[PDB]
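These notes are about the structure you will find just below.
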Amino acid sequence: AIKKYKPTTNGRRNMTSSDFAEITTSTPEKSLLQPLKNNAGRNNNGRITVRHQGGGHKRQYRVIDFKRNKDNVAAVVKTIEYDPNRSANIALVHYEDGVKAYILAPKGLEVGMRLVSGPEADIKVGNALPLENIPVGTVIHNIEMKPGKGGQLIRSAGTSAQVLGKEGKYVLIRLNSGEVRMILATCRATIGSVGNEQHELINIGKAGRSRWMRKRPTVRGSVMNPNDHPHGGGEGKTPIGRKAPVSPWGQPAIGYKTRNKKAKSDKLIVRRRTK
Amino acid sequence: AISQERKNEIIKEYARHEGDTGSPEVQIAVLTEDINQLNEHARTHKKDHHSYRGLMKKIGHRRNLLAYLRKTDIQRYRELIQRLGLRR
RNA sequence: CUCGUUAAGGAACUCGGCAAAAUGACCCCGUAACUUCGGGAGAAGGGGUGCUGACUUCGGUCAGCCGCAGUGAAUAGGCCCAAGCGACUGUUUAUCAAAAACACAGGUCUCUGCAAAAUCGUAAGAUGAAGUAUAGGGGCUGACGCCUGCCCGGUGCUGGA
RNA sequence: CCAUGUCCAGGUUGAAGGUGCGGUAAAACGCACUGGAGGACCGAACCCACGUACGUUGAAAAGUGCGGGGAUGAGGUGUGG
RNA sequence: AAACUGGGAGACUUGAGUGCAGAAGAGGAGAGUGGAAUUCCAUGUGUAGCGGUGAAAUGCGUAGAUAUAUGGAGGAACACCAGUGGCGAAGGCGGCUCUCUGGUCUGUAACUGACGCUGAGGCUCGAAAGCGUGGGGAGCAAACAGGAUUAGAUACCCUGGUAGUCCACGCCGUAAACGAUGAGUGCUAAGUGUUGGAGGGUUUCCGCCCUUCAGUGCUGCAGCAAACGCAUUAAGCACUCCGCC
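Sequences listed follow chains X and P, in order.
Residue 276, in the UniProt record's numbering, is where the first sequence stops; the numbers in between run on with no holes.
Residue 89, in the UniProt record's numbering, is where the second sequence stops; the numbers in between run on with no holes.
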């Protein structure tokens, strides 16, 4: 649930947080962590290519199985854990050979289930199958877009897609955001929707907590000088003395579309709905 | 709500002589079983306002019979309310 | 120039109580409007404080003594009633401007189906991200409370054929 | 901005949760004890630079004296980049 | 002094509850599901109108409307059954299946033995509109725009159209919330319909006659009323307690 703080300081008045009640341990598996660095938005060359990033808390990377390739061997669920790198929770899983792995935690996963990962698997939450073998109207997450590469699509906290129909060598899916699309019928996905979903309702509360997450502050274009922004300059507060407010590099900012007009995937997109 | 075998099961142990379905012991014990089960059902279905009426009327009936038993024999009253587990 | 004292008056001084003077420790009693119920609050306003003896249930209390003065030196909040601006802690013109300016948590519009959009670069290669729409970029507004009218002729943007 | 170290005398306050008692049909709830949150409070080192007097061929190419603000954080700062 | 009211020791079964055997029902909460129609979409055929009114106009249409045929998408309400019928303390409740659950009626005569009635203050529930957070959104429709009508028309009429009307969770606490008729109990002519039961006869009575409980309507006497009227479902004759003028 969402936890509400009492207003004991001015920096506390309207903050909320997670209860962390689906999490069952706080000590990760040692053989599945690697280091990370916090690039802070800088390049190959040492230059800022993305503004407003840098300098929070240190993190170790957990390796996830986005492929789901170990078939005809059940895996038991041992823990539901905290990941610093994503917004979903994560599950430690014991295969019977004794391989260990991490997995994205779907909605309603209990410690103790036994998941299966092939074409003859059942339709239960957690199970992963090729899209050919999934009926019409099942809620789905963690979708491959190329055979054998790993799920890419429905991965963040509380998201889901749905199966609409089949044809020759393609399956129709309605994704999160409402776009309709085609995906190869030999790709995989796992049954369920992603888990921790109150995540959306958290109120950060003060300027220090979003500094703990690795975000640096943002200055508005219109309190700059005319050599920094197209919006800078003028005596006093000023309006947008232009048509169409723009980015620091020109490029209009309300309603102007920026995807590639000769995209090699415009064959597969039915019914653009939201971007 | 209790079945008709639970009911006879619990009126065969608060009877006094044989053939003893009256006797405010029997009635408050059976009413206690009912009120417990209905409290469960209410916790599950908490916007069933039309069954809560019956719950409340059972509670009134039990409290009335308790008052009667007390005003006429305090020994039976104390022994009961110990045996049945109430009087908070 | 830096220090100490000053009769009677006590802001009559000056752009302005500037600068000085005054409050300052511990223990006890008490303490308003308003309020987001946490505060306001050290609100305000008052009292005690040394030394000897006796008892000390324990922590203290009684009897006595001395000085103008007992936290006897040094160190340590002045307070109150009203109005504007910014919610708040924070940041800023190294060296004439610390603020009503910037930021901020919260709001809203829009772009982006992943070799994502965006940015560095001739390119190779990179950040974004070992992320995947509850995510990432851009513009405006700026806690919280109540609210946010009319206009699509013009100009941009989107769709059309 | 990145990697790896290190620093913050002393004192105050009393959030969530927990345990016991009462109030109930079960409860909202009430009171003690516990507990130790926070861009919380007071105040040295440390980091700052609000007022004023002096200095202005200076003790000093930006300071000193007497007062001021922050002092567990959006903190200070050493070494290699 | 000891009839009555109060107190104490007993005893009883008619009030009140329980057991046993049966009956009816849009009573409530949750989860799925069906067909008819309106709207939009897709595709074929198809030529100049359609729509609307007391008459007109605005609107849609030769970027091929309306019509017509087949397929999809979504939402909301449930035709016939349907009835002065049923259920609920009231507000209210109508497609179908399952799960959880409250109350009523009838017969019996195992049981308890007055355990009853009413109820200031207090709690619970309470149509529609409205408010908050997050969804959904087909039809209808405050506000609003355009067309008419009139002396004028910030209306009635026509073409559009936003909140809302729908779901989950909180708040609000009011209506001609009405039978403008507080609750309990006993007593006082008859006649006639219908809903759910129980007994006796004739008995294929399971379709008929008689009796008897509990609901729901119509007519009508004593009595009551200022008249209207009410009348075993009292506004009649009486006792208890509350609310109010």
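For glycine and all other residues, C-beta sits at the position ideal for the given N, C-alpha and C.
For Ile-141/X, the closest of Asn-177/X, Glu-121/X and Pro-148/X by C-alpha to C-alpha distance is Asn-177/X.
The continuous beta strand (DSSP E) containing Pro-253/X extends over residues 251-253.
Here DSSP, grouped into helix, strand and coil, assigns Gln-61/X to coil. Residue environment for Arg-69/X: buried (at least 16 other C-beta atoms within 10 angstroms of its C-beta). With at least 16 other beta carbons inside 10 angstroms of its own, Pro-107/X counts as buried.
According to the DSSP assignment, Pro-120/X belongs to no beta strand (DSSP E), since it is labelled neither H nor E. Contiguous beta strand (DSSP E) elements confined to the UniProt region "Disordered" (221-276) of chain X occur at 251-253, taking only those with 3 or more residues. Per the C-alpha coordinates, the member of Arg-182/X, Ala-22/X and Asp-123/X positioned closest to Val-271/X is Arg-182/X. The secondary-structure analysis by DSSP pairs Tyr-6/X with nothing; it has no beta-bridge partner. In the three-state DSSP reduction, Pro-25/P falls in the helix class (H, G or I). In the three-state DSSP reduction, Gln-153/X falls in the coil class, being neither helix nor strand. Closest by C-alpha distance to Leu-34/X, out of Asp-98/X, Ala-264/X, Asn-86/X and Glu-236/X, is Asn-86/X. Runs of beta strand (DSSP E) with 3 or more residues, each lying fully within the stretch 139-224 of chain X, are found at 140-142, 162-167, 171-175, 181-185 and 189-192, listed in chain order. The C-beta of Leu-85/P has fewer than 16 other C-beta atoms within 10 Å across all chains shown, which makes the residue exposed.
Here the alpha carbons of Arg-212/X and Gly-206/X stand approximately 12 Å from one another. Bounds of any beta strand (DSSP E) do not take in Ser-52/P; it lies within the alpha helix (DSSP H) bounded by 50-73.
Taking a C-beta distance under 8 Å as the contact criterion, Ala-89/X and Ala-186/X do not qualify as a contact pair.
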